[PDB]
Amino acid sequence: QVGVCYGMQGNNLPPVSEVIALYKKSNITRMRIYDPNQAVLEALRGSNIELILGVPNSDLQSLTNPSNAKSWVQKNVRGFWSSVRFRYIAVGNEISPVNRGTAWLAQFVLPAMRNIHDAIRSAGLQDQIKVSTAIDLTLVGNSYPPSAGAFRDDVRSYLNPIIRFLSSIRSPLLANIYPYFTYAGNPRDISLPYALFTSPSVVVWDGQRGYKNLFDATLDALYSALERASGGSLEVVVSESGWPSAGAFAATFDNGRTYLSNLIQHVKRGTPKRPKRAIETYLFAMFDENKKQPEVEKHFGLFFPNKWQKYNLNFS
Ligand SMILES: *[C@@H]1O[C@H](CO)[C@@H](O)[C@H](O[C@@H]2O[C@@H](C)[C@@H](O)[C@@H](O)[C@@H]2O)[C@H]1NC(C)=O
């Protein structure tokens, strides 16, 4: 089953308690949060909703201290494990050692991951709670054709031991993946149906592999890059994917409804490189978030604030 990201950065959202109810009501069995919000954590008790618990980028430095990590795991994980189904801990989100926004944080990521995993393991929860980190694909330097997928050379020192770490504890890699932003940036070379899963014929030939949609192309490029960096047995969890209903080029209700309905159907199976297994996917995001910048970042909601679905999606 597909999951949905619960961002809370709006001034008009239902109270936490109602959002959980609305998850249960809609039969959404997986949730991703971006910080260990106590109210949300308390509201998920007995919910049977599988959780991605996020470590905020702002707390990464602090958690490179083992004792600090131990207490974080105690307060935000062990304090709720009776009643909250932790599935992954996302230590950091979209960190890159070469992007201006997060470069000064790259140092902190693996140590935080190690301390958190150690604490989790000390509590004996390591076969239940998988420690990982959530990337964006700015780290992928080349992705066309997908078989040529490779990480940017200037991030290998960062990525290599993290890949290695994930292998030793059998964690997946978490990836935020948005065919929308790719398309919006280059509508000249990328066709809308390709981005929307509506292409009847193959669009890209990669030897014996036919790519019908941008998502498959993009994911498989990631897999190829992992393979070149000795992470060829890692599973990828798609930890965000969404299409905005307004606010910018190609951000439309119709595009939105198509992408998300087709995505939900697509991920029951895999990609041309890994065709069998379902792709675990977290849709971004539950509600529009009117406090975010820029404009387009206010329209990824699946639901209006009156709790009515934009698109009438079946999550079962
Ligand atoms: C919520 O989603 C899951 C899939 O992730 C469905 O299996 C649920 O259906 C219920 O559980 C299955 C095992 C079967 O018993 C079916 O009869 C149930 O409806 C789904 N829940 C609902 C209420 O649709």
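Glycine gets a Cβ as well: all are built from the backbone with ideal geometry, and neighbour counts include every protein chain shown. Every read-out reported here was derived from the displayed coordinates using simple, explicitly stated rules and does not represent laboratory data.
Some notes on this structure:
- Pair list, Cβ < 9 Å and 6+ apart or interchain, from region 14-42 residues that are without any contact (Cβ under 8 Å) to a residue 24 or more places away in the chain and of a type in the set (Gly, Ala, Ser) to residues that are away from the ligand (no atom under 11 Å from the Cβ) and assigned to a loop (DSSP other than H, G, I, E, B): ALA21/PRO14; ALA39/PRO15
- Extreme residue, nearest to the ligand (Cβ to nearest atom), among residues of region 294-316 that are among the polar types (S, T, N, Q) and either touching a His at 6+ places or on another chain (Cβ under 9 Å) or more than 21 Å from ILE33 (Cβ to Cβ) (or both): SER316
- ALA119 falls short on exactly one of the conditions (1) touching a residue at least 60 places away in the same chain (Cβ under 8 Å); (2) assigned to a helix (DSSP H, G or I); (3) touching a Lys or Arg at 6+ places or on another chain (Cβ under 7 Å), and that condition is (1).
- Cross-chain or 6+ apart pairs with Cβ under 6 Å, region 220-239 first and within 15 Å of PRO145 (Cα to Cα), then of a type in the set (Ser, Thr, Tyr): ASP220/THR271; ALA221/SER143; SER224/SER147
- When residues of region 145-162 are limited to those that are over 19 Å from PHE108 (Cα atoms) and of a type in the set (D, E, K, R), the one surrounded by the fewest Cβ atoms within 10 Å (Cβ to Cβ): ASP153
- Cβ-Cβ distances below 7 Å connect the following pairs, each with a first residue in region 298-316 that is touching a residue at least 24 places away in the same chain (Cβ under 8 Å), a second residue that is surrounded by 13 or more Cβ atoms within 10 Å (Cβ to Cβ) and of a type in the set (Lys, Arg), and a separation of six or more residues or different chains: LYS298/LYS292; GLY301/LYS310; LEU302/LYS310; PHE303/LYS310; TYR311/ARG257.
- For region 111-139, the tally of residues that are surrounded by 20 or more Cβ atoms within 10 Å (Cβ to Cβ) and either more than 19 Å from the chain's Cα centre (by Cα) or of a type in the set (A, V, I, L, M, F, W, C) (or both) stands at 13.
- Considered as a group, the residues in region 248-293 that are out of contact with any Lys or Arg (no Cβ under 6 Å at 6 or more places or on another chain) and basic (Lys, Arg) include one that is nearest to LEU22 (Cα to Cα), and that residue is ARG257.
- Applying a threshold of 7 Å to beta carbon distances and a minimum spacing of six or more residues, or different chains, the list of pairs starting in region 100-113 at a residue that is more than 12 Å from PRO66 (Cα to Cα) and ending at one that is among the aliphatic types (A, V, I, L, M) and in a helix (DSSP H, G or I) reads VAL109/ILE162; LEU110/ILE162.
- Hits in region 111-135 (condition: in contact with a helix residue (DSSP H, G or I) (Cβ under 6 Å, 6 or more places away or on another chain), among the aliphatic types (A, V, I, L, M) and closer than 13 Å to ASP59 by Cα): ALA112, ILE116
- When region 64-75 is filtered for residues that are closer than 15 Å to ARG121 by Cα and of a type outside the set (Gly, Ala, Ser), the ones remaining, listed by number, are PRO66, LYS70, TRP72, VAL73, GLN74.
- Against the criterion of being in contact (Cβ under 8 Å) with a residue 12 or more places away in the chain, buried (at least 20 other Cβ atoms within 10 Å of the Cβ) and in contact with a strand residue (DSSP E or B) (Cβ under 9 Å, 6 or more places away or on another chain), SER96 qualifies.
- For region 294-308, a residue qualifies if it is crowded, with 18+ Cβ neighbours inside 10 Å and either farther than 17 Å from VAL19 by Cβ or aromatic (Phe, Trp, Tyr) (or both), and the qualifying residues are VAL296, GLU297, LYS298, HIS299, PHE300, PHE303.
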